[PDB]
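**Q**
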């Protein structure tokens, strides 16, 4: 298969260092993805709490735990193990827009 390659190619197209800026903008966009399945109040309203879920109030996985909580509400078959993995590739697209050349 090719999809396996292009996918991991995205994950390593701009090192890990870009991925730290990726999360910050992508947080909004991930909010929308989960908010759409849970059918909350507003898309941007759940997204605003994602760009605040990175605060180390509780410790680690602060953004990720938020995503999982919603995955139970939506009743999808995805564990915390897979969430972090999905986040990497999802972030690789989130930096494509930021990347000039």
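Numbering (full-length UniProt numbering), first residue to last: 4 to 104.
Every residue, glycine too, gets a C-beta built ideally from N, C-alpha and C.
Taking the CB atoms as reference points, tell me whether residue 93 and residue 35 lie closer together than 8 Å.
**A** Against a cut-off of 8 Å, the Cβ pair of residue 35 and residue 93 comes out as no contact.
**Q** Please classify residue 35: does DSSP put it in a helix, a strand, or coil?
**A** Note: residue 35 maps to helix in three-state DSSP.
**Q** Look at the alpha carbon of residue 60 and the alpha carbon of residue 82, and state the distance between them as a whole number of angstroms.
**A** Straight-line Cα distance between these residues: approximately 22 Å.
**Q** Grab me the residues of residue 98's own chain with a C-beta within less than 6 Å of its C-beta, minus the 5 sequence neighbours each way, in chain order.
**A** Only 17, 21 and 25 meet the Cβ criterion.
**Q** For the alpha helix (DSSP H) containing residue 90, list its first residue and its last residue.
**A** It spans 83-97 - the alpha helix (DSSP H) in which residue 90 sits, taken as one unbroken run.
**Q** Inspect the beta-carbon positions of residue 49 and residue 42 and report whether they are closer than 8 Å.
**A** Taking 8 Å as the Cβ cut-off, residue 49 and residue 42 do not qualify as a contacting pair.
**Q** Do residue 70 and residue 86 have their C-beta atoms closer together than 8 Å?
**A** Yes; because the gap between Cβ atoms is below 8 Å, this pair is in contact.
**Q** I need the straight-line Cα distance from residue 101 to residue 53, nearest angstrom please.
**A** Approximately 20 Å, taken between the alpha carbons.
**Q** When the distance is taken between beta carbons, is residue 104 closer than 8 Å to residue 66?
**A** Their beta carbons are not under 8 Å apart, which means residue 66 does not touch residue 104 by this criterion.
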